[PDB]
>>> print(open('target_8.csv').read())   # CSV, C-alpha atoms and all ligand atoms
chain,number,residue,atom,x,y,z
A,189,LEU,CA,48.6,9.0,1.6
A,190,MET,CA,49.4,8.0,5.2
A,191,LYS,CA,52.1,5.6,3.9
A,192,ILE,CA,53.4,8.4,1.8
A,193,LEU,CA,53.6,10.7,4.8
A,194,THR,CA,55.3,7.9,6.7
A,195,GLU,CA,57.9,7.7,3.9
A,196,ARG,CA,58.2,11.5,4.4
A,197,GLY,CA,58.7,11.1,8.2
A,198,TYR,CA,55.4,11.7,10.0
A,199,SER,CA,54.5,8.0,10.2
A,200,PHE,CA,50.8,8.1,11.3
A,201,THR,CA,49.2,4.8,12.1
A,202,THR,CA,45.5,5.4,13.0
A,203,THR,CA,42.4,7.3,11.9
A,204,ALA,CA,42.4,9.6,15.0
A,205,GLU,CA,45.8,10.8,13.7
A,206,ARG,CA,45.3,10.7,9.9
A,207,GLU,CA,42.2,12.8,10.2
A,208,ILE,CA,44.6,15.7,9.4
A,209,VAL,CA,45.9,13.6,6.4
A,210,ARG,CA,42.3,13.4,5.2
A,211,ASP,CA,42.1,17.2,5.6
A,212,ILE,CA,45.3,17.6,3.6
A,213,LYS,CA,43.1,17.0,0.5
A,214,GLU,CA,41.8,20.5,1.0
A,215,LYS,CA,45.0,21.8,-0.6
A,216,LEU,CA,47.1,18.9,-1.8
A,217,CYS,CA,44.8,17.9,-4.6
A,218,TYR,CA,46.4,19.0,-7.9
A,219,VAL,CA,47.8,17.2,-10.9
A,220,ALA,CA,48.9,18.4,-14.3
A,221,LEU,CA,51.3,16.0,-16.0
A,222,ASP,CA,49.7,12.6,-15.1
A,223,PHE,CA,52.8,10.7,-16.4
A,224,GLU,CA,55.6,12.8,-14.9
A,225,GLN,CA,54.1,15.6,-12.7
A,226,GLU,CA,55.6,14.4,-9.4
A,227,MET,CA,59.1,14.0,-10.9
A,228,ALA,CA,59.0,17.3,-12.8
A,229,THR,CA,57.8,19.0,-9.7
A,230,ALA,CA,60.4,17.4,-7.4
A,231,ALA,CA,63.0,18.7,-9.9
A,232,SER,CA,61.7,22.3,-9.7
A,233,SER,CA,59.9,22.3,-6.3
A,234,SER,CA,59.0,26.0,-5.9
A,235,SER,CA,55.7,27.8,-5.6
A,236,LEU,CA,54.0,24.4,-5.6
A,237,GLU,CA,54.6,23.2,-2.0
A,238,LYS,CA,51.5,24.5,-0.2
A,239,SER,CA,52.9,23.5,3.2
A,240,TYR,CA,49.8,22.1,4.8
A,241,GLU,CA,49.2,23.3,8.4
A,242,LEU,CA,50.2,20.7,10.9
A,243,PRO,CA,49.0,21.1,14.5
A,244,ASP,CA,52.6,21.1,15.9
A,245,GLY,CA,53.6,23.9,13.6
A,246,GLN,CA,55.5,21.7,11.2
A,247,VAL,CA,55.0,23.5,7.9
A,248,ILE,CA,57.6,21.4,6.1
A,249,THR,CA,57.3,22.0,2.3
A,250,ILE,CA,54.9,19.3,1.3
A,251,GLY,CA,55.7,19.0,-2.4
A,252,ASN,CA,55.4,15.4,-3.5
A,253,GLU,CA,52.0,14.2,-2.2
A,254,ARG,CA,50.8,17.4,-3.9
A,255,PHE,CA,50.9,15.4,-7.1
A,256,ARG,CA,51.0,11.9,-5.7
A,257,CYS,CA,47.5,10.4,-5.3
A,258,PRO,CA,45.5,13.0,-7.0
A,259,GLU,CA,46.7,11.0,-10.0
A,260,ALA,CA,46.0,7.6,-8.3
A,261,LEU,CA,42.5,8.0,-9.7
A,262,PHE,CA,43.9,8.0,-13.3
A,263,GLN,CA,46.6,5.4,-12.5
A,264,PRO,CA,45.3,2.7,-10.2
A,265,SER,CA,48.6,0.8,-10.7
A,266,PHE,CA,50.3,3.7,-8.9
A,267,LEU,CA,48.7,2.5,-5.6
A,268,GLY,CA,49.1,-1.3,-6.1
A,269,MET,CA,45.5,-2.2,-6.8
A,270,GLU,CA,45.1,-2.6,-10.5
A,271,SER,CA,42.1,-1.3,-12.5
A,272,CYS,CA,41.3,0.9,-15.5
A,273,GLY,CA,42.4,4.5,-14.9
A,274,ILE,CA,39.3,6.4,-13.9
A,275,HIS,CA,39.3,8.2,-17.3
A,276,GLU,CA,39.6,5.0,-19.4
A,277,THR,CA,37.0,3.4,-17.0
A,278,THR,CA,34.4,6.0,-17.8
A,279,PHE,CA,35.5,5.6,-21.5
A,280,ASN,CA,34.8,1.9,-21.4
A,281,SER,CA,31.5,2.6,-19.7
A,282,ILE,CA,30.3,4.9,-22.6
A,283,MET,CA,31.8,2.4,-25.1
A,284,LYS,CA,29.7,-0.5,-23.7
A,285,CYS,CA,26.8,2.0,-23.9
A,286,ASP,CA,24.9,2.3,-27.1
A,287,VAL,CA,26.5,3.8,-30.3
A,288,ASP,CA,24.1,6.6,-31.0
A,289,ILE,CA,23.7,7.5,-27.3
A,290,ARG,CA,27.5,7.5,-27.0
A,291,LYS,CA,27.6,11.0,-28.7
A,292,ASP,CA,25.5,12.5,-25.9
A,293,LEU,CA,27.6,10.5,-23.4
A,294,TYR,CA,30.7,12.2,-24.7
A,295,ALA,CA,29.0,15.6,-24.8
A,296,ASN,CA,27.4,15.4,-21.3
A,297,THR,CA,30.1,13.8,-19.1
A,298,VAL,CA,29.4,15.1,-15.6
A,299,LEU,CA,31.8,15.2,-12.6
A,300,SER,CA,30.4,15.0,-9.0
A,301,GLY,CA,31.5,13.9,-5.5
A,302,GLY,CA,33.8,15.2,-2.8
A,303,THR,CA,36.8,13.6,-4.5
A,304,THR,CA,36.0,15.6,-7.7
A,305,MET,CA,36.9,18.8,-5.9
A,306,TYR,CA,40.5,18.4,-7.1
A,307,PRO,CA,41.0,21.3,-9.5
A,308,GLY,CA,42.9,19.2,-12.0
A,309,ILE,CA,40.3,16.5,-12.5
A,310,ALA,CA,38.4,18.5,-15.1
A,311,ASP,CA,41.4,19.2,-17.3
A,312,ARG,CA,42.8,15.8,-17.0
A,313,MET,CA,39.5,14.1,-17.8
A,314,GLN,CA,39.3,16.5,-20.8
A,315,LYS,CA,42.7,15.4,-22.1
A,316,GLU,CA,42.4,11.7,-21.4
A,317,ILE,CA,38.9,11.4,-22.9
A,318,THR,CA,40.0,13.4,-26.0
A,319,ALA,CA,43.0,11.0,-26.4
A,320,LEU,CA,40.8,7.9,-26.0
A,321,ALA,CA,37.8,9.1,-28.0
A,322,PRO,CA,37.4,9.8,-31.7
A,323,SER,CA,38.2,13.3,-33.2
A,324,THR,CA,34.7,14.0,-34.4
A,325,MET,CA,33.3,13.6,-30.8
A,326,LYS,CA,34.4,16.4,-28.5
A,327,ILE,CA,34.4,16.5,-24.7
A,328,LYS,CA,32.2,19.1,-23.1
A,329,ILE,CA,33.2,18.5,-19.5
A,330,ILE,CA,30.9,20.1,-16.9
A,331,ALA,CA,32.1,20.4,-13.3
A,332,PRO,CA,29.7,22.4,-11.3
A,333,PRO,CA,31.4,25.1,-9.1
A,334,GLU,CA,29.8,23.4,-6.1
A,335,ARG,CA,30.1,19.8,-7.2
A,336,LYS,CA,30.9,19.1,-3.5
A,337,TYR,CA,27.2,18.6,-2.9
A,338,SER,CA,25.8,18.4,-6.4
A,339,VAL,CA,24.2,15.0,-5.7
A,340,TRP,CA,22.5,16.4,-2.6
A,341,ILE,CA,21.3,19.5,-4.5
A,342,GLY,CA,19.9,17.5,-7.4
A,343,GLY,CA,18.2,15.1,-5.0
A,344,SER,CA,16.6,18.0,-3.1
A,345,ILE,CA,15.4,19.5,-6.4
A,346,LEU,CA,13.9,16.2,-7.6
A,347,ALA,CA,12.2,15.9,-4.2
A,348,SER,CA,10.8,19.4,-4.2
A,349,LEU,CA,9.9,19.3,-7.8
A,350,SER,CA,6.5,20.9,-8.3
A,351,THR,CA,4.5,18.3,-10.4
A,352,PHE,CA,6.4,15.3,-9.1
A,353,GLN,CA,3.6,14.6,-6.5
A,354,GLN,CA,2.0,11.6,-8.1
A,355,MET,CA,5.2,9.6,-8.1
A,356,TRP,CA,5.6,9.3,-4.3
A,357,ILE,CA,4.9,5.9,-2.7
A,358,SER,CA,2.4,6.1,0.2
A,359,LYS,CA,0.9,4.2,3.1
A,360,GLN,CA,-2.2,3.7,0.9
A,361,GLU,CA,-0.4,1.3,-1.5
A,362,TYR,CA,2.0,0.1,1.2
A,363,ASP,CA,-0.9,-1.4,3.2
A,364,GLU,CA,-1.9,-3.6,0.2
A,365,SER,CA,1.5,-4.4,-1.5
A,366,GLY,CA,4.1,-3.4,1.0
A,367,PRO,CA,7.7,-3.9,-0.2
A,368,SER,CA,6.3,-5.8,-3.1
A,369,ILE,CA,5.9,-2.3,-4.7
A,370,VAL,CA,8.2,-1.5,-7.6
A,371,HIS,CA,11.2,-1.5,-5.2
B,1,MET,CA,-36.6,-35.3,8.3
B,2,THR,CA,-35.0,-31.9,9.0
B,3,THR,CA,-36.1,-28.5,7.7
B,4,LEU,CA,-34.3,-25.2,7.2
B,5,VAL,CA,-36.0,-22.1,8.8
B,6,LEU,CA,-34.8,-18.8,7.2
B,7,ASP,CA,-35.6,-15.3,8.4
B,8,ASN,CA,-34.1,-12.5,6.3
B,9,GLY,CA,-33.8,-8.7,6.6
B,10,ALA,CA,-31.4,-5.8,6.2
B,11,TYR,CA,-29.1,-6.5,9.2
B,12,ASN,CA,-29.5,-10.3,9.8
B,13,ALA,CA,-30.1,-13.4,7.7
B,14,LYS,CA,-30.8,-16.1,10.3
B,15,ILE,CA,-30.9,-19.6,8.8
B,16,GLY,CA,-31.0,-22.7,10.9
B,17,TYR,CA,-31.8,-26.4,10.7
B,18,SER,CA,-33.7,-28.5,13.2
B,19,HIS,CA,-31.0,-28.7,15.8
B,20,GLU,CA,-28.2,-26.1,15.5
B,21,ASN,CA,-26.9,-23.1,13.5
B,22,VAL,CA,-28.2,-20.7,16.1
B,23,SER,CA,-26.4,-17.3,15.6
B,24,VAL,CA,-26.7,-13.8,14.3
B,25,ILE,CA,-25.3,-14.5,10.7
B,26,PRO,CA,-25.7,-11.2,8.8
B,27,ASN,CA,-27.3,-10.8,5.3
B,28,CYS,CA,-25.1,-8.1,3.7
B,29,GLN,CA,-21.7,-8.4,2.1
B,30,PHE,CA,-18.6,-6.5,3.5
B,31,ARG,CA,-15.9,-4.8,1.5
B,32,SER,CA,-12.7,-3.8,3.3
B,33,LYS,CA,-11.0,-0.7,2.1
B,34,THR,CA,-7.7,-2.3,3.1
B,35,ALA,CA,-8.0,-5.9,2.0
B,36,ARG,CA,-7.7,-5.1,-1.7
B,37,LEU,CA,-11.5,-4.5,-2.0
B,38,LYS,CA,-12.2,-8.2,-1.3
B,39,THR,CA,-16.0,-8.9,-1.2
B,40,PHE,CA,-16.7,-10.9,2.0
B,41,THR,CA,-19.9,-12.9,2.7
B,42,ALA,CA,-22.2,-13.1,5.7
B,43,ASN,CA,-19.9,-15.1,8.1
B,44,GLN,CA,-16.6,-14.3,6.4
B,45,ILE,CA,-16.5,-11.0,8.3
B,46,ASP,CA,-14.8,-13.0,11.0
B,47,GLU,CA,-11.8,-13.5,8.6
B,48,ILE,CA,-11.4,-9.7,8.4
B,49,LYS,CA,-8.7,-8.7,10.9
B,50,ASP,CA,-9.7,-5.0,10.6
B,51,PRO,CA,-13.5,-4.3,10.2
B,52,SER,CA,-12.8,-0.5,10.3
B,53,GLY,CA,-14.4,1.3,7.3
B,54,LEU,CA,-16.3,-1.8,6.0
B,55,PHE,CA,-18.5,-0.9,3.0
B,56,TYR,CA,-21.9,-2.6,3.3
B,57,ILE,CA,-23.5,-4.1,0.2
B,58,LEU,CA,-27.1,-4.6,1.4
B,59,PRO,CA,-29.8,-6.8,-0.2
B,60,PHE,CA,-32.2,-4.9,2.0
B,61,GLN,CA,-31.6,-1.3,3.2
B,62,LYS,CA,-35.1,-1.3,4.7
B,63,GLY,CA,-38.0,-3.7,4.8
B,64,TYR,CA,-38.0,-4.5,1.1
B,65,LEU,CA,-35.5,-6.3,-1.1
B,66,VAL,CA,-32.9,-4.9,-3.6
B,67,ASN,CA,-30.2,-6.4,-5.8
B,68,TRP,CA,-31.1,-10.1,-5.8
B,69,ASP,CA,-27.4,-10.8,-6.7
B,70,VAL,CA,-26.3,-10.2,-3.1
B,71,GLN,CA,-29.0,-12.4,-1.6
B,72,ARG,CA,-28.3,-15.3,-3.9
B,73,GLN,CA,-24.6,-15.0,-3.3
B,74,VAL,CA,-25.2,-15.0,0.4
B,75,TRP,CA,-27.4,-18.1,0.1
B,76,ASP,CA,-24.9,-19.9,-2.0
B,77,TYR,CA,-22.0,-19.1,0.3
B,78,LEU,CA,-24.1,-20.3,3.3
B,79,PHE,CA,-25.3,-23.5,1.7
B,80,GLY,CA,-21.9,-24.4,0.2
B,81,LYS,CA,-20.6,-25.8,3.6
B,82,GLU,CA,-21.5,-26.9,7.1
B,83,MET,CA,-24.3,-24.3,7.4
B,84,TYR,CA,-26.8,-26.3,5.4
B,85,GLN,CA,-25.1,-29.3,3.7
B,86,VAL,CA,-26.0,-28.2,0.1
B,87,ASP,CA,-28.2,-31.3,-0.5
B,88,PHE,CA,-31.3,-29.8,-2.1
B,89,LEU,CA,-34.2,-32.2,-2.5
B,90,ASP,CA,-33.4,-34.1,0.7
B,91,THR,CA,-35.0,-31.5,2.9
B,92,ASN,CA,-37.2,-28.4,2.6
B,93,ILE,CA,-37.0,-24.7,3.5
B,94,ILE,CA,-39.4,-22.4,5.2
B,95,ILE,CA,-38.7,-18.7,4.5
B,96,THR,CA,-40.2,-15.7,6.2
B,97,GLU,CA,-41.8,-12.7,4.3
B,98,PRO,CA,-42.4,-9.1,5.4
B,99,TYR,CA,-45.8,-7.8,6.5
B,100,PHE,CA,-46.5,-6.1,3.1
B,101,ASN,CA,-43.7,-7.1,0.8
B,102,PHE,CA,-43.4,-6.8,-3.0
B,103,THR,CA,-45.8,-9.4,-4.4
B,104,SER,CA,-43.7,-9.7,-7.6
B,105,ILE,CA,-40.4,-9.8,-5.8
B,106,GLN,CA,-41.7,-12.4,-3.3
B,107,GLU,CA,-43.3,-14.7,-6.0
B,108,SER,CA,-40.1,-14.4,-8.0
B,109,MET,CA,-38.1,-15.4,-4.9
B,110,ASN,CA,-40.3,-18.4,-4.6
B,111,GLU,CA,-39.8,-19.1,-8.3
B,112,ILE,CA,-36.0,-19.0,-7.8
B,113,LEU,CA,-36.2,-21.2,-4.7
B,114,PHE,CA,-38.2,-23.8,-6.6
B,115,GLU,CA,-36.0,-23.6,-9.8
B,116,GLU,CA,-32.3,-23.0,-8.8
B,117,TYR,CA,-32.1,-24.6,-5.3
B,118,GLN,CA,-35.1,-26.9,-6.0
B,119,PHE,CA,-36.2,-27.4,-2.4
B,120,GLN,CA,-38.8,-30.2,-2.4
B,121,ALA,CA,-41.1,-27.8,-0.6
B,122,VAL,CA,-41.4,-24.1,0.6
B,123,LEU,CA,-44.2,-21.9,1.8
B,124,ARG,CA,-45.2,-18.2,2.2
B,125,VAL,CA,-45.4,-18.1,6.0
B,126,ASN,CA,-45.0,-14.6,7.5
B,127,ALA,CA,-42.3,-13.5,10.0
B,128,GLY,CA,-45.0,-12.3,12.3
B,129,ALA,CA,-47.1,-15.4,11.7
B,130,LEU,CA,-44.3,-17.7,12.9
B,131,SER,CA,-43.9,-15.7,16.1
B,132,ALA,CA,-47.7,-15.8,16.6
B,133,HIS,CA,-47.7,-19.6,16.2
B,134,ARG,CA,-44.8,-19.8,18.7
B,135,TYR,CA,-46.7,-17.7,21.2
B,136,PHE,CA,-49.9,-19.7,20.7
B,137,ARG,CA,-48.1,-22.9,21.3
B,138,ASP,CA,-46.5,-21.4,24.4
B,139,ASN,CA,-49.9,-20.3,25.8
B,140,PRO,CA,-52.6,-22.6,24.4
B,141,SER,CA,-55.2,-20.9,26.6
B,142,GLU,CA,-54.8,-17.7,24.6
B,143,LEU,CA,-57.0,-16.8,21.6
B,144,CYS,CA,-55.6,-13.5,20.4
B,145,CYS,CA,-52.2,-11.8,20.5
B,146,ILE,CA,-50.5,-8.7,19.2
B,147,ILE,CA,-46.8,-8.9,18.1
B,148,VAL,CA,-44.6,-5.8,18.5
B,149,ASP,CA,-41.6,-6.9,16.5
B,150,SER,CA,-39.0,-4.1,16.8
B,151,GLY,CA,-36.3,-5.7,14.7
B,152,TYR,CA,-33.0,-4.1,13.8
B,153,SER,CA,-34.6,-2.9,10.6
B,154,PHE,CA,-38.3,-3.5,11.4
B,155,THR,CA,-41.1,-2.2,13.7
B,156,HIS,CA,-44.3,-4.1,13.1
B,157,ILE,CA,-47.4,-4.0,15.2
B,158,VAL,CA,-49.2,-7.0,13.9
B,159,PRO,CA,-52.5,-8.5,15.3
B,160,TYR,CA,-53.4,-12.2,15.3
B,161,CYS,CA,-56.7,-13.8,16.2
B,162,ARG,CA,-58.5,-17.0,15.3
B,163,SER,CA,-55.4,-18.1,13.4
B,164,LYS,CA,-55.9,-15.2,10.9
B,165,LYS,CA,-54.4,-11.8,10.5
B,166,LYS,CA,-56.5,-8.8,9.4
B,167,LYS,CA,-55.0,-6.2,7.1
B,168,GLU,CA,-56.7,-3.2,8.6
B,169,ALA,CA,-55.2,-2.8,12.1
B,170,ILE,CA,-51.7,-3.6,10.9
B,171,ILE,CA,-49.0,-1.0,11.5
B,172,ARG,CA,-45.4,-0.5,10.5
B,173,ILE,CA,-43.0,2.1,11.6
B,174,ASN,CA,-39.8,3.3,9.9
B,175,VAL,CA,-37.9,3.9,13.2
B,176,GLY,CA,-35.7,0.8,13.2
B,177,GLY,CA,-32.4,-0.3,14.7
B,178,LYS,CA,-30.6,0.8,11.5
B,179,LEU,CA,-32.0,4.3,11.9
B,180,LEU,CA,-31.0,4.4,15.6
B,181,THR,CA,-27.4,3.3,14.6
B,182,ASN,CA,-27.3,6.0,11.9
B,183,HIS,CA,-28.5,8.6,14.3
B,184,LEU,CA,-25.9,7.7,16.9
B,185,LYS,CA,-23.3,7.8,14.1
B,186,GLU,CA,-24.4,11.3,13.0
B,187,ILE,CA,-24.6,12.6,16.6
B,188,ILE,CA,-21.1,11.3,17.5
B,189,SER,CA,-19.8,12.7,14.2
B,190,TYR,CA,-21.4,16.2,14.8
B,191,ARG,CA,-20.3,16.4,18.4
B,192,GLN,CA,-16.7,15.2,18.1
B,193,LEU,CA,-15.9,16.5,14.6
B,194,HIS,CA,-17.7,17.7,11.4
B,195,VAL,CA,-17.5,14.3,9.7
B,196,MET,CA,-17.3,10.7,10.8
B,197,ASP,CA,-18.8,7.7,8.9
B,198,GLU,CA,-17.8,4.4,10.5
C,1,LIG,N1,37.2,19.7,-1.6
C,1,LIG,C1,37.7,18.4,-1.6
C,1,LIG,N2,38.8,18.1,-2.3
C,1,LIG,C2,39.3,16.8,-2.4
C,1,LIG,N3,38.7,15.8,-1.7
C,1,LIG,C3,37.6,16.0,-1.0
C,1,LIG,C4,37.0,17.3,-0.9
C,1,LIG,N4,36.0,17.2,-0.1
C,1,LIG,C5,35.9,15.9,0.3
C,1,LIG,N5,36.9,15.2,-0.2
C,1,LIG,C6,37.0,13.7,0.0
C,1,LIG,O1,35.9,13.1,-0.5
C,1,LIG,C7,35.3,12.2,0.5
C,1,LIG,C8,33.8,12.6,0.6
C,1,LIG,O2,33.2,12.2,-0.6
C,1,LIG,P1,31.8,12.9,-1.0
C,1,LIG,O3,31.2,13.6,0.2
C,1,LIG,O4,32.0,13.7,-2.3
C,1,LIG,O5,30.9,11.6,-1.3
C,1,LIG,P2,30.6,10.8,0.0
C,1,LIG,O6,29.1,10.8,0.3
C,1,LIG,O7,31.5,11.2,1.1
C,1,LIG,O8,30.9,9.3,-0.5
C,1,LIG,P3,29.6,8.4,-0.5
C,1,LIG,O9,28.8,9.1,-1.5
C,1,LIG,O10,30.2,7.0,-1.0
C,1,LIG,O11,29.1,8.4,0.9
C,1,LIG,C9,36.0,12.5,1.8
C,1,LIG,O12,36.4,11.2,2.3
C,1,LIG,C10,37.1,13.5,1.5
C,1,LIG,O13,38.4,12.9,1.8
>>> encode(input="target_8.csv", output="structure tokens", more="lines below")
Ligand SMILES: Nc1ncnc2c1ncn2[C@@H]1O[C@H](COP(=O)(O)OP(=O)(O)OP(=O)(O)O)[C@@H](O)[C@H]1O
Amino acid sequence: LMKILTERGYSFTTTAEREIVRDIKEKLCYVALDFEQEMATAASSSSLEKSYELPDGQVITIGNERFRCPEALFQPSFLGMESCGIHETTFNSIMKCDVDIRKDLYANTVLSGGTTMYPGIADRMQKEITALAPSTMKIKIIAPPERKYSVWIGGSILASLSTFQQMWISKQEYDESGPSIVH
Amino acid sequence: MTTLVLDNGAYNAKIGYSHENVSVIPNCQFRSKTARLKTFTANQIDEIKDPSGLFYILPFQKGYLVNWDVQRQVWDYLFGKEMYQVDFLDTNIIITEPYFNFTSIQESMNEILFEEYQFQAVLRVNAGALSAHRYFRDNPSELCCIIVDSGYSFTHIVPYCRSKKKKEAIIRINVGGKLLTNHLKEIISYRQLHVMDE
């Protein structure tokens, strides 16, 4: 993204500067047409350039990185490092998984993490997984409204689970097995 | 030839041959709450790097014997190495016996000594009788002596005269070193907290 902004004209070169580029993700995180979104939007750039707030007041109509590298997740070849597009990567995962369990894998595909806050990830995963998967199996995507910290929330719940007491490792067994415990 | 003198009780099991092995070797087994419940023997306590909370398995909790298993295990672990040089029929053993001990238990102990360890000879001398003989040898001009043996688990007032003990003026008292230690434990527990059992 810093290289993209350099092509634009800002030309940042260090983290102390591109902290604001990191922040740009707060608004420039949408993608609709994974194959031609950036071109179709550069052709009709209006009401899509959120104009991120630069410190110097430069509100230039950011309208290409709005759709460039939210899609880099689905198209690794777009960056330069090659890999299965995030969607087909998850698909290959559930494919290598068992056959019977693959139905529940299709039906319970969760999305979590700070990077998943991109509003378009849900719909794009829906479309790509429906294109890559059979017709009988549907895609019941579930993106929690607060997926930003879903991992932390679930961990805190698992920790403060009522009858989970017996499963905590303690000094008692540490003093006789140490790290040789289940690990 | 050499001989093996053995005195035994609740706290201490003092075995020694004609020249060395002079120490306070205990008689009970120790189990460490931390060392995977390993059962230690009389002298193996020195191998325990943390004797806190040791559970005591006692062949004697007071003057009389209980649970032969522990006593026989202690004797085997002692004999198995430098302490006695397990050789059996080469030498003999002299074991002490309480003032008024279980007749059946003591004769069965003699039976076991003759059968399993097969010492070429052993006798029924008394713990107080041995001290009486020691004192008589120390003072040959004496003809009568009273022994006040206040052991760690014993308190015996035993007379001796004309090389014979009389079973009428022979007193034993249950106030022993073990009782004193337990009372100190209880006092410290009660006066620092409401429970403490080390
Ligand atoms: N609302 C958001 N929209 C888009 N991107 C975001 C958002 N919030 C955070 N990010 C990006 O996601 C990253 C943080 O990831 P997240 O906190 O979800 O997991 P993480 O703990 O940071 O990563 P890891 O679990 O590997 O430590 C940040 O580097 C940030 O650029």
>>> closest_atom_pairs(input="target_8.csv", of="chain A", to="ligand LIG 1 (chain C)", cutoff="10 Å", atoms="all atoms listed in the file", output="Markdown table")
| residue | atom | partner | partner_atom | distance |
| --- | --- | --- | --- | --- |
| A:207 | CA | C:LIG1 | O13 | 9.2 |
| A:209 | CA | C:LIG1 | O13 | 8.8 |
| A:210 | CA | C:LIG1 | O13 | 5.2 |
| A:211 | CA | C:LIG1 | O13 | 6.8 |
| A:212 | CA | C:LIG1 | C2 | 8.5 |
| A:213 | CA | C:LIG1 | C2 | 4.8 |
| A:214 | CA | C:LIG1 | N2 | 5.1 |
| A:215 | CA | C:LIG1 | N2 | 7.4 |
| A:216 | CA | C:LIG1 | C2 | 8.1 |
| A:217 | CA | C:LIG1 | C2 | 6.0 |
| A:218 | CA | C:LIG1 | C2 | 9.2 |
| A:258 | CA | C:LIG1 | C2 | 8.6 |
| A:300 | CA | C:LIG1 | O4 | 7.0 |
| A:301 | CA | C:LIG1 | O4 | 3.2 |
| A:302 | CA | C:LIG1 | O4 | 2.4 |
| A:303 | CA | C:LIG1 | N3 | 4.0 |
| A:304 | CA | C:LIG1 | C2 | 6.4 |
| A:305 | CA | C:LIG1 | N2 | 4.1 |
| A:306 | CA | C:LIG1 | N2 | 5.1 |
| A:307 | CA | C:LIG1 | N2 | 8.2 |
| A:334 | CA | C:LIG1 | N1 | 9.4 |
| A:335 | CA | C:LIG1 | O4 | 8.1 |
| A:336 | CA | C:LIG1 | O4 | 5.6 |
| A:337 | CA | C:LIG1 | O4 | 6.9 |
| A:338 | CA | C:LIG1 | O4 | 8.8 |
| A:339 | CA | C:LIG1 | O9 | 8.6 |
| A:340 | CA | C:LIG1 | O6 | 9.1 |
>>> residues_around(input="target_8.csv", residues="residue B:69", least_positions_apart="5", cutoff="10 Å", atoms="all atoms listed in the file", output="CSV table (one decimal) with C-alpha atoms, in the coordinates of the input")
chain,number,residue,atom,x,y,z
B,59,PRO,CA,-29.8,-6.8,-0.2
B,74,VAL,CA,-25.2,-15.0,0.4
B,75,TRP,CA,-27.4,-18.1,0.1
>>> interface_residues(input="target_8.csv", of="chain A", to="chain B", cutoff="10 Å", atoms="all atoms listed in the file", output="count of residues only")
5
>>> atom_distance(input="target_8.csv", atom1="atom CA of residue A:208", atom2="atom CA of residue A:230")
23.1 Å
>>> closest_residue(input="target_8.csv", among="B:190, B:55, B:119, B:60", to="residue B:27", atoms="all atoms listed in the file")
B:60
>>> residues_near_point(input="target_8.csv", point="(-46.4, -14.2, 16.3)", cutoff="10 Å", atoms="only C-alpha atoms", output="VMD selection string")
chain B and resid 126 to 136 145 to 149 158 to 160
>>> write_last_selection(input="target_8.csv", atoms="C-alpha atoms", output="short mmCIF file (atom, residue, chain, number, x, y, z; two decimals), keeping the file's coordinate frame")
data_model
loop_
_atom_site.label_atom_id
_atom_site.label_comp_id
_atom_site.auth_asym_id
_atom_site.auth_seq_id
_atom_site.Cartn_x
_atom_site.Cartn_y
_atom_site.Cartn_z
CA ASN B 126 -45.00 -14.60 7.50
CA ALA B 127 -42.30 -13.50 10.00
CA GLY B 128 -45.00 -12.30 12.30
CA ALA B 129 -47.10 -15.40 11.70
CA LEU B 130 -44.30 -17.70 12.90
CA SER B 131 -43.90 -15.70 16.10
CA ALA B 132 -47.70 -15.80 16.60
CA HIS B 133 -47.70 -19.60 16.20
CA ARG B 134 -44.80 -19.80 18.70
CA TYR B 135 -46.70 -17.70 21.20
CA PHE B 136 -49.90 -19.70 20.70
CA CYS B 145 -52.20 -11.80 20.50
CA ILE B 146 -50.50 -8.70 19.20
CA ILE B 147 -46.80 -8.90 18.10
CA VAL B 148 -44.60 -5.80 18.50
CA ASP B 149 -41.60 -6.90 16.50
CA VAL B 158 -49.20 -7.00 13.90
CA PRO B 159 -52.50 -8.50 15.30
CA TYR B 160 -53.40 -12.20 15.30
#
>>> atom_distance(input="target_8.csv", atom1="atom CA of residue A:325", atom2="atom CA of residue A:261")
23.7 Å
>>> residues_around(input="target_8.csv", residues="residue A:279", least_positions_apart="5", cutoff="10 Å", atoms="all atoms listed in the file", output="JSON, numbers by chain")
{"A": [272, 273, 274, 284, 285, 290, 293, 294, 316, 317, 320, 321]}
>>> residues_around(input="target_8.csv", residues="residue B:106", least_positions_apart="5", cutoff="12 Å", atoms="all atoms listed in the file", output="PDB file with C-alpha atoms, keeping the file's coordinate frame")
ATOM      1  CA  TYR B  64     -38.000  -4.500   1.100  1.00  0.00           C
ATOM      2  CA  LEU B  65     -35.500  -6.300  -1.100  1.00  0.00           C
ATOM      3  CA  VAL B  66     -32.900  -4.900  -3.600  1.00  0.00           C
ATOM      4  CA  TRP B  68     -31.100 -10.100  -5.800  1.00  0.00           C
ATOM      5  CA  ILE B  95     -38.700 -18.700   4.500  1.00  0.00           C
ATOM      6  CA  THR B  96     -40.200 -15.700   6.200  1.00  0.00           C
ATOM      7  CA  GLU B  97     -41.800 -12.700   4.300  1.00  0.00           C
ATOM      8  CA  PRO B  98     -42.400  -9.100   5.400  1.00  0.00           C
ATOM      9  CA  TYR B  99     -45.800  -7.800   6.500  1.00  0.00           C
ATOM     10  CA  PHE B 100     -46.500  -6.100   3.100  1.00  0.00           C
ATOM     11  CA  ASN B 101     -43.700  -7.100   0.800  1.00  0.00           C
ATOM     12  CA  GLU B 111     -39.800 -19.100  -8.300  1.00  0.00           C
ATOM     13  CA  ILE B 112     -36.000 -19.000  -7.800  1.00  0.00           C
ATOM     14  CA  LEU B 113     -36.200 -21.200  -4.700  1.00  0.00           C
ATOM     15  CA  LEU B 123     -44.200 -21.900   1.800  1.00  0.00           C
ATOM     16  CA  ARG B 124     -45.200 -18.200   2.200  1.00  0.00           C
ATOM     17  CA  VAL B 125     -45.400 -18.100   6.000  1.00  0.00           C
ATOM     18  CA  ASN B 126     -45.000 -14.600   7.500  1.00  0.00           C
TER      19      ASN B 126
END
